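Heads up, the thing below is written out as C-alpha cells.
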Amino acid sequence: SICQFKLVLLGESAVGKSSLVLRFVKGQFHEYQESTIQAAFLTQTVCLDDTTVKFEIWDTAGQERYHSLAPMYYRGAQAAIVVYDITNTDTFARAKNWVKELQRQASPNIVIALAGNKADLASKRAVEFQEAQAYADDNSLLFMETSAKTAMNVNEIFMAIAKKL
Ligand SMILES: Nc1nc2c(ncn2[C@@H]2O[C@H](COP(=O)(O)OP(=O)(O)NP(=O)(O)O)[C@@H](O)[C@H]2O)c(=O)[nH]1
Ligand SMILES: [Mg+2]
C-alpha cells in the first residue's frame, strides 16, 4: 500500500518553517537560513505500519506581503502545520489567525497541526506549554512543541499527522 498526502506550512516570518521542513526532509539545520520569498516544494517518503507514505510539502513565505498567495498552497491541502515561536507571544497570536483562516476557507476535512517551535530556547520561553495545549484542545488541533535545531519532535509531528490521514 502507498499513500500520498498534501501538506502546507503556514506562520509568521522567522518562526522556523523552512528549518522544520529541512530537518524532516534532509536532516539538516541551517543557523543562517534566509527568509523565504517564494514558496518552496519538498518531498519525503517514510514507512508507517503496512504503508509507504509520501509527503508533498509546501513551505510558504511567512511575511504578510505574501498573504494573498497562501490559498494557492492551502486550498488543495489535506493537512496544515501552523508554526509559532515559543519565545514570541505575537507569533502565537498570528498562528491563531492562520488557524481561523483555514477553518473558514480551506477544505472542511483538513487536519490542522500546531507546532510550538524553538523549544530548545527554554530560558527564553514566552508561551507556556499549558496555554498552547488548551487552545489546541479547544480548536481540535494536533499540538506538539518542536525544535528544528535539536530535531526534538520533528519526525514525531509529521508521523502523527500521517497516522490521522
Ligand atoms: N534555536 C533555534 N533556532 C531555530 C529553530 N528553527 C529555526 N531557527 C532559526 O530561526 C531563524 C528563522 O528560521 P526560518 O526557518 O528561516 O524561518 P521561516 O519561518 O522559514 N521564515 P520565513 O517565513 O520568512 O521564510 C533561522 O536563523 C533558523 O536557524 C529552532 O528550533 N531553534
Ligand atoms: Mg522560510
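All residue names refer to the C-alpha cells as shown: chains lettered A, B, ... in order, residues numbered from 1 in each chain, ligands numbered from 1 in order.
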
Q: All residues within 7 Å of ligand 1 are required, counting only C-alpha atoms and all ligand atoms; please report them as a PyMOL selection string.
A: chain A and resi 11-20+29-37+60-63+117-121+146-150

Keeping only C-alpha atoms, write the selected residues as a JSON list (two decimals), in the first residue's frame.
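File result.json, as written:
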[["chain", "number", "residue", "atom", "x", "y", "z"],
["A", 11, "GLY", "CA", 3.02, 31.03, 10.07],
["A", 12, "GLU", "CA", 4.73, 34.34, 10.81],
["A", 13, "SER", "CA", 8.16, 35.07, 9.29],
["A", 14, "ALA", "CA", 11.17, 33.70, 11.27],
["A", 15, "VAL", "CA", 9.26, 31.10, 13.35],
["A", 16, "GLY", "CA", 11.21, 28.26, 11.68],
["A", 17, "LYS", "CA", 9.01, 26.83, 8.89],
["A", 18, "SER", "CA", 11.88, 26.24, 6.45],
["A", 19, "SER", "CA", 14.09, 24.85, 9.23],
["A", 20, "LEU", "CA", 11.39, 22.33, 10.24],
["A", 29, "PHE", "CA", 19.51, 22.58, 10.17],
["A", 30, "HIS", "CA", 20.92, 25.91, 8.98],
["A", 31, "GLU", "CA", 21.57, 28.54, 11.66],
["A", 32, "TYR", "CA", 21.74, 31.15, 8.86],
["A", 33, "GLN", "CA", 18.63, 30.22, 6.85],
["A", 34, "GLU", "CA", 17.41, 33.09, 4.63],
["A", 35, "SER", "CA", 13.82, 34.35, 4.75],
["A", 36, "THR", "CA", 11.59, 32.69, 2.11],
["A", 37, "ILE", "CA", 10.40, 34.98, -0.71],
["A", 60, "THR", "CA", 5.25, 29.23, 2.32],
["A", 61, "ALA", "CA", 6.73, 32.73, 2.65],
["A", 62, "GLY", "CA", 5.58, 33.93, 6.09],
["A", 63, "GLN", "CA", 5.88, 37.71, 5.57],
["A", 117, "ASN", "CA", 8.95, 25.74, 17.56],
["A", 118, "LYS", "CA", 12.35, 26.77, 19.03],
["A", 119, "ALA", "CA", 11.60, 24.79, 22.22],
["A", 120, "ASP", "CA", 15.36, 24.34, 22.77],
["A", 121, "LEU", "CA", 15.42, 28.01, 23.88],
["A", 146, "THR", "CA", 9.34, 21.21, 18.41],
["A", 147, "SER", "CA", 12.98, 22.12, 17.79],
["A", 148, "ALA", "CA", 14.36, 22.17, 14.25],
["A", 149, "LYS", "CA", 17.76, 22.83, 15.87],
["A", 150, "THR", "CA", 17.85, 19.67, 18.04]]

Q) Which residues come within 10 Å of residue 43 in chain A, counting only C-alpha atoms, excluding same-chain residues fewer than 2 positions away, as number ranges by chain? A) A: 6-7, 21, 24-26, 41, 45, 54-58

Excluding same-chain residues fewer than 4 positions from residue 49 in chain A, what lies within 12 Å of it counting only C-alpha atoms, as a PDB file with N, CA, C and O atoms, in the first residue's frame?
ATOM      1  N   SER A   1       0.839  -1.235   0.000  1.00  0.00           N
ATOM      2  CA  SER A   1       0.000   0.000   0.000  1.00  0.00           C
ATOM      3  C   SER A   1       0.857   1.262   0.000  1.00  0.00           C
ATOM      4  O   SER A   1       1.852   1.346   0.723  1.00  0.00           O
ATOM      5  N   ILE A   2       0.460   2.229  -0.825  1.00  0.00           N
ATOM      6  CA  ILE A   2       1.110   3.538  -0.893  1.00  0.00           C
ATOM      7  C   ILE A   2       0.080   4.640  -0.674  1.00  0.00           C
ATOM      8  O   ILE A   2      -0.987   4.636  -1.295  1.00  0.00           O
ATOM      9  N   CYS A   3       0.407   5.582   0.209  1.00  0.00           N
ATOM     10  CA  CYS A   3      -0.425   6.760   0.433  1.00  0.00           C
ATOM     11  C   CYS A   3       0.380   8.025   0.169  1.00  0.00           C
ATOM     12  O   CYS A   3       1.560   8.097   0.512  1.00  0.00           O
ATOM     13  N   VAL A  53       4.485   5.984   2.934  1.00  0.00           N
ATOM     14  CA  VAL A  53       3.836   7.298   2.903  1.00  0.00           C
ATOM     15  C   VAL A  53       4.735   8.359   2.265  1.00  0.00           C
ATOM     16  O   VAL A  53       5.850   8.591   2.728  1.00  0.00           O
ATOM     17  N   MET A 159       4.844  12.355  11.473  1.00  0.00           N
ATOM     18  CA  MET A 159       4.324  10.987  11.580  1.00  0.00           C
ATOM     19  C   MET A 159       2.943  10.924  12.235  1.00  0.00           C
ATOM     20  O   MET A 159       2.106  10.106  11.845  1.00  0.00           O
ATOM     21  N   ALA A 162       0.403  11.902   9.584  1.00  0.00           N
ATOM     22  CA  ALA A 162       0.230  10.800   8.632  1.00  0.00           C
ATOM     23  C   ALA A 162      -0.668   9.692   9.182  1.00  0.00           C
ATOM     24  O   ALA A 162      -1.417   9.066   8.429  1.00  0.00           O
ATOM     25  N   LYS A 163      -0.589   9.462  10.492  1.00  0.00           N
ATOM     26  CA  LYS A 163      -1.422   8.463  11.163  1.00  0.00           C
ATOM     27  C   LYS A 163      -2.896   8.853  11.149  1.00  0.00           C
ATOM     28  O   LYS A 163      -3.775   7.986  11.158  1.00  0.00           O
TER      29      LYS A 163
END

Q: Write down as a VMD selection string the residues belonging to range 39-163 of chain A that are assigned strand (DSSP E) by DSSP computed on the backbone.
A: chain A and resid 40 to 48 51 to 59 79 to 85 111 to 117 142 to 145

Q: Considering only C-alpha atoms, return as a ChimeraX atom specification whatever protein or nucleic-acid residues lie within 10 Å of residue 134 in chain A, sequence-local ones (same chain, fewer than 6 positions apart) excluded.
A: /A:140-141,143

For those residues, write C-alpha atoms to a file as an mmCIF file, in the first residue's frame.
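Done, and the output landed in again09.cif:
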data_model
loop_
_atom_site.group_PDB
_atom_site.id
_atom_site.type_symbol
_atom_site.label_atom_id
_atom_site.label_comp_id
_atom_site.auth_asym_id
_atom_site.auth_seq_id
_atom_site.Cartn_x
_atom_site.Cartn_y
_atom_site.Cartn_z
ATOM 1 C CA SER A 140 -9.205 20.359 17.590
ATOM 2 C CA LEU A 141 -5.560 20.897 16.592
ATOM 3 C CA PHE A 143 -0.216 20.077 19.044
#

(Q) For the alpha helix (DSSP H) assignment from backbone DSSP, which residues of range 66-122 of chain A qualify? Please present them as a PyMOL selection string. (A) chain A and resi 70-74+89-105

Q: Extract, using only C-alpha atoms, all DNA, RNA and protein residues at most 12 Å from residue 71 in chain A, discarding same-chain residues fewer than 6 positions from it, and format them as a PyMOL selection string.
A: chain A and resi 8-10+39+58+60+77+80+98+101-102+104-107

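For the choices A:59, A:64, A:128, A:138, the atom-to-atom distance to ligand 2 is smallest for A:59 when using only C-alpha atoms and all ligand atoms.
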
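Here CA of residue 76 in chain A and CA of residue 113 in chain A stand 16.1 Å from one another.
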
Can you tell me, as a compact mmCIF listing (two decimals) with N, CA and C atoms, in the first residue's frame, what residues are no more than 8 Å from residue 126 in chain A when counting only C-alpha atoms, ignoring any on the same chain fewer than 2 positions away?
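What landed in result19.txt:
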# COMPACT_ATOMS: atom_id res chain seq x y z
N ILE A 86 7.97 29.70 20.35
CA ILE A 86 7.63 29.70 21.79
C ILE A 86 8.18 30.91 22.54
N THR A 87 9.17 31.58 21.95
CA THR A 87 9.82 32.72 22.59
C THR A 87 9.15 34.06 22.25
N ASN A 88 8.10 34.01 21.43
CA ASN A 88 7.45 35.23 20.95
C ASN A 88 5.92 35.11 20.92
N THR A 89 5.26 35.72 21.90
CA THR A 89 3.80 35.69 22.03
C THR A 89 3.05 36.20 20.79
N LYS A 124 14.26 31.32 27.25
CA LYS A 124 13.65 32.47 26.55
C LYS A 124 12.15 32.30 26.27
N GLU A 128 3.56 29.61 27.44
CA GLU A 128 3.53 28.41 28.29
C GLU A 128 2.90 27.23 27.56

Q. Which residue gives the smallest distance to residue 156 in chain A among A:94, A:67, A:23, A:100, with only C-alpha atoms counted?
A.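 So, comparing all the options, the nearest one is A:23.
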
**Q.** Exercise: residue 165 in chain A partners within 8 Å, only C-alpha atoms, chain neighbours under 4 positions left out, as a PyMOL selection string
**A.** chain A and resi 5+78+111+161

Export of prior selection with C-alpha atoms as a PDB file, in the first residue's frame:
ATOM      1  CA  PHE A   5      -0.538  13.378   1.398  1.00  0.00           C
ATOM      2  CA  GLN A  78      -5.033  17.584   3.217  1.00  0.00           C
ATOM      3  CA  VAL A 111      -6.119  18.128   9.530  1.00  0.00           C
ATOM      4  CA  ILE A 161      -0.262  13.763  11.004  1.00  0.00           C
TER       5      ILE A 161
END

Q: Work out how far apart CA of residue 110 in chain A and CA of residue 125 in chain A are and give it in Å to one decimal.
A: 29.5 Å

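Nearest residue to ligand 2, choosing from A:90, A:145, A:47, A:66 and counting only C-alpha atoms and all ligand atoms: A:66.
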